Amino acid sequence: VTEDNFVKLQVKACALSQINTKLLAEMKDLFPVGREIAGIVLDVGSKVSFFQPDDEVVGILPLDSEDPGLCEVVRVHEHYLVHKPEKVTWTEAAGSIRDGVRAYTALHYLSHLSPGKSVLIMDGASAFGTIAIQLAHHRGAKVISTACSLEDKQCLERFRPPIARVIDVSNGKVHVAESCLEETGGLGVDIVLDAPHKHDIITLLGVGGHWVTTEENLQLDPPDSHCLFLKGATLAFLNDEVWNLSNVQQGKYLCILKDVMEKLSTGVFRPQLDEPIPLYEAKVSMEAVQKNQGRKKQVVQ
């Protein structure tokens, strides 16, 4: 049943991602599953304006969403959605909106990319890693990335615009700090995208460098935050759902989405993702995810 100021839409694809347990636990029946949707609006509320029925859209549902994205159709507020470009497919859209958001914030809002800069994208073979690498290349950066497996290794070396260097941590040991300092020319890396232990990162960091972490419980010792002081560095925490959970950041967020699709419309992004598996056995695919397993994005169609 539709409510006003909300929009009913018919899902065209719903990519699924890892569900964070303790974020749900700290936030306080059923746990709705599915958030990265690319659908076609059905019925419109009485006071929604930006969307008219028979329009194709893409967006990320909020954590408090009554409806679960994994469904034939769902309801969602109109300011959680954006228009999907015509050229883009719908699996591509649903699979790229979330990782594209994260890459855009991490590399554009928590750090700044420009021609000539160096960025260490850790686990570049993950879907998020792939999208992030494509952003870095699009702006003109020199990308160093970490490969955790042989599959990841040969996955990254075959990028059409080859990355500067693939450091494989797949083996027992590798001197990541020394090798990236070696690749920069003593300068160090400008942006590290945690997405090694911290002592490799802090020495790897260049002058005024940016450490964009995702660790939700980082402990910092006075000697470490001192080496950061000597380098004039910035520690930026990447948290995906601060846009959705803050009422003021409405506009910027939307623009990100609209730009994420824009590059996807001109194909500067390309997701790396599993073949489309329909609704049925989708729960088993989600079970597989939560297992800390999966380098390819998994989208339902």
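Position 1 is the first residue in the sequence shown; the rest follow in order.
Can you tell me how many deposited residues have no coordinates between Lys28 and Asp29? The categories are none, 1 to 3, 4 to 9, and 10 or more. The entry has 1 to 3 unmodelled residues between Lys28 and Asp29.
Count class of deposited residues lacking coordinates, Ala195 to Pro196: Going from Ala195 to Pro196, the model skips 10 or more residues of the deposited sequence.
Test of understanding: from the entry's C-alpha B-factors, which stretch has the higher mean, 73 to 81 or 209 to 217? Stretch with the greater average CA B-factor: 73 to 81.
Quick one: say whether 280 to 288 or 13 to 21 has the higher mean Cα B-factor in the deposited entry. Result of the comparison: 280 to 288.
Among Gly172, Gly129, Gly185, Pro222, which residue carries the highest C-alpha B-factor recorded in the PDB entry? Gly172 has the highest C-alpha B-factor of those listed.
Residue selected from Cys255, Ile40, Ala233, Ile37 by maximal Cα B factor: That would be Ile40.
Should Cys148 be placed in the lowest, middle or highest third of its chain by the C-alpha B factor in the entry? It falls in the top third of the chain.
Divide the modelled residues of the chain into thirds by Cα B-factor and specify which third, lowest, middle or highest, holds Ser114. For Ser114, the deposited C-alpha B-factor lands in the middle third.
If you rank every modelled residue in this chain by C-alpha B factor, which third holds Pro161: lowest, middle or highest? Highest third - that is where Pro161 ends up once the chain's C-alpha B-factors are sorted.
Based on the entry's values, in what third of the chain does the Cα temperature factor of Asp168 lie: lowest, middle or highest? For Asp168, whose C-alpha B-factor we compare with every modelled residue in the chain, the answer is the middle third.
Ranked by Cα temperature factor within the chain, is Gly59 in the lowest third, the middle third or the highest third? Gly59: CA B-factor falls in the lowest third of its chain.
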